[PDB]
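Below are two forms of the same protein chain, given as structure tokens: structure 1, then structure 2.
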Structure 1
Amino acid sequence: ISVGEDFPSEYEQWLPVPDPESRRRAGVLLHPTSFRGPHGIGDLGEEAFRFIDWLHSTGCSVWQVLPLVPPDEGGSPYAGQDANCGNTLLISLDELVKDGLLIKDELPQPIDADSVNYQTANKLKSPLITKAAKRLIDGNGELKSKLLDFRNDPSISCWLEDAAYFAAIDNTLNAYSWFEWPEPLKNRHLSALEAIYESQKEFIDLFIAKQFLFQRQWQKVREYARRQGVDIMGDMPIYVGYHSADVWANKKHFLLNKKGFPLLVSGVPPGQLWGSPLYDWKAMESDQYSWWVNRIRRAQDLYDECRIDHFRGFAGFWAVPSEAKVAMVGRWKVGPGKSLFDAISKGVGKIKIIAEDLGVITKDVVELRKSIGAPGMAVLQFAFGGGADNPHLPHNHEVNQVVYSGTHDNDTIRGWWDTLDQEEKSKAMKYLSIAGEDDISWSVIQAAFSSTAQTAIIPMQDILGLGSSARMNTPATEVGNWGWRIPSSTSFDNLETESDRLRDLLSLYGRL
């Protein structure tokens, strides 16, 4: 331990050791609504456990889902009805039979499983979920006791009670938004809230019970994933909906006017007017960002890791006067920056956050992302426009990054290939290793696996080699999204070939 002197006996064994936090891996993007089954939509029953087995058999160690919130009427998990609740339509009816909350003969006749129609699924399943929730509350055994534990839990009630009351009042009143509610409900006068509890007690207890059932079923999926070596990566939009408990029960955390209407709403310039209310970050700074801390605590309860959509909003955000009809007349505002993430980590511990950072982004975004150690994204479908500086080209990938073939907002690789621009196609053929065009999804999968990016994620549609009809979402259309389901005859038992082929790629590129 001194210049010129002898080193100890075993110097040549002092070899470099790979950092375990740098381990290369792969995963599949599959939302549970796409699982097969008889009730109009996928669920957290037997298909979720079979998927986990299949995924593990491939050597993948990550399962990514879309947000698990209650979606809008079109099915969108990004315009959810609450930021912290689970989508009750994902509750398995068959799992309720095993709990004794339904009996086998109460299960409905199967319906055709081509695509999720959310109206059909709700009509079919909700009466029975309600019925099961009713039996749960009227019992007084182990299960009822676990409901009480759930309900009385401080880290459940800080979002659950607000969510239940909001939903009771929305049920009782015929109003567009809570801005049109009568004043003592609009502004949460204590006695009105007690009058809501009394007059809507049964709806409130059932809402809570249903959230318990979702939690139960999701936590068993998550425990089985952990046993099989699978991390689950969730998703959350940066902004929440105006008509929600999140805003209604925390008005001072948002930029509302004295009458509770948003002064400013979200979007991006030339433009796109998303119309979500905006956070009062200065205000949140006061109480050490407790709202956002809570949101992450719940994300952590649901997921091992979590992507945040429009992450750039944490450094700077586009703000449009709520009167406006289009986005072009806004200004950029300063975001909370790292101090937000300091507060989170102090409140909840070490977090694994993924930054959605697509499109044009400014230097503060990159700097913020890097300062908290969060990986960004590369999407191979975006790599062949422009020149060789395109950051989605594999030679421009980074280690701390998630590479996708595409996301739920893109066509499948097959579909994209079919409509691809001639200029972009010839470029793609130079860079990728392409055999037959039927196998084009595997060419792209292989490029993703061959990247230096630490994490490679592939949508289930591309593993199945499906075309445009299996596209999950097309942005800026309002109908025909969120509907894709795995073809009814394609069981996980019948996907050994695909599993073996993935495993071979993972092994070749050091992702096992």
Structure 2
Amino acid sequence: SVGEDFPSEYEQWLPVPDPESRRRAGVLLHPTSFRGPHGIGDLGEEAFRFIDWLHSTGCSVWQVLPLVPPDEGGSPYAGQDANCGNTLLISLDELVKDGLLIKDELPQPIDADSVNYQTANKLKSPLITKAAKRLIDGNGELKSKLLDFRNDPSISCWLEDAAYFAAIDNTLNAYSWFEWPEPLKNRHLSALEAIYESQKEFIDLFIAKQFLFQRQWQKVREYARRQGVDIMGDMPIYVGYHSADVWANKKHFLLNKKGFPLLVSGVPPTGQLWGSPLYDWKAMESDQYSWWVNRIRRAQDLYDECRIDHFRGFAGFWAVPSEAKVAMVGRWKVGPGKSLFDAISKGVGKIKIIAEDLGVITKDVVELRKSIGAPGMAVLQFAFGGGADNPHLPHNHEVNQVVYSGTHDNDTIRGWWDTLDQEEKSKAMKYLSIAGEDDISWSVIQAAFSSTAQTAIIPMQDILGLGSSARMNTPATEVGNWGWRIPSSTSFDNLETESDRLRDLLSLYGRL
């Protein structure tokens, strides 16, 4: 009532910081990059030591690339399945702790300054198989947990299809499932029954290996939670054609009557022809988008938060005739928009998505992102072309946003600086606080941390001040990517200086 006395509590009725608005920082590091003797990083001791080091710095987020089974080139983005984990991340030493291997069975260490997948597979897979076999042949607590995992409806809704798909793909010599004999191609019940009988061992071992992955990943996730670290995963909007995701869900994709894609993914200008099948969004509507709901439920199972690559495809997507050799001959199609996210909310509750929204995007993309409250991205490596309206410049950043120095698709800051255009360089020198070129990565890190963006993420390569040899991926190249590992001599114990320097900057910019 106007003019009357307030209660005496008035003076303590102060604004409270919303815990959901807490400023934070983190590190982008894929677990393949961890040090160790078995040819690849894994979910063992180095994952826990990394989490400890991250906690020591004051960082509270760890971002990974997709954890799916990669292709032969190591790519997390050409996954063999959208929901399975990369079994080569399984730690042999952790299997010893679980009693499925004995210490004596572990292999002699190998030099692998970079990940060679074929070498890691040859070394580790026989032992992961032996552990899985011991698991299925036993009858204890661990076997009982395997059964709970296998019979859990939110696991079984993708795992059985994944395991049958893999067993068929293992048994058949064929390019893709389009070439499979009709009863297998089209999942006839008695054909699938016959596959279970004839490939029973393969199927049970595949499922056990997914269990072992789940168990180890979940231990890592819990450990991160215990040390005040959230994990942010990565989910590409599209899935590959030759996958259980498509084969077991044909009606949910734009395929012809023979199961061949009608239209494929890409972006216009030469633009890019990615060549993935496209979702049949109208068909998906008819079962309240169950396929996407299930995918998000799996993402929730693995990660605290998730980046979706090419988030713009939910508003509008480029569709290329499947017979085309290039992208420029396609059409833009209307995406599902907020009705998809409404269905997800109804199905799964609150989600934490990060929209990858880089490049030329349309007004509908921005409106959709805002309507669901998702942050977009700023990337400082992109800030110094054009004028002062570039959205990647700090003064243009938004609070509900994730700022990066760069992503896995960019060179390291040092490498980027090396090849940078003179006009962009002179510009960067005005915006950034730069001392020696040796320390350019720390200039950019400081600019990221000084941002109003609620979350700042730095690649481990930039914290280590590494050059172009440490770049994780060069887009559109098909060899020499995804192999970077933390140098063999750099232990998390050897990074106290870097931790102190990070912590000092987080303190200064209110991210602790």
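Under this definition, the rigid core comprises the largest set of C-alpha atoms superposing within 1.5 Å between the forms. Residue indices: 1-based, along structure 1.
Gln13 is among the residues whose C-alpha shifts by 2 Å or more between structure 1 and structure 2 once the rigid core is aligned. Overlaying the rigid core between structure 1 and structure 2 leaves the Cα of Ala83 displaced by 0.2 angstrom. On core superposition, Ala113 has its C-alpha offset by 2.6 angstrom between structure 1 and structure 2. In the core-superposed comparison between structure 1 and structure 2, the CA atom of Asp99 travels 1.1 Å.
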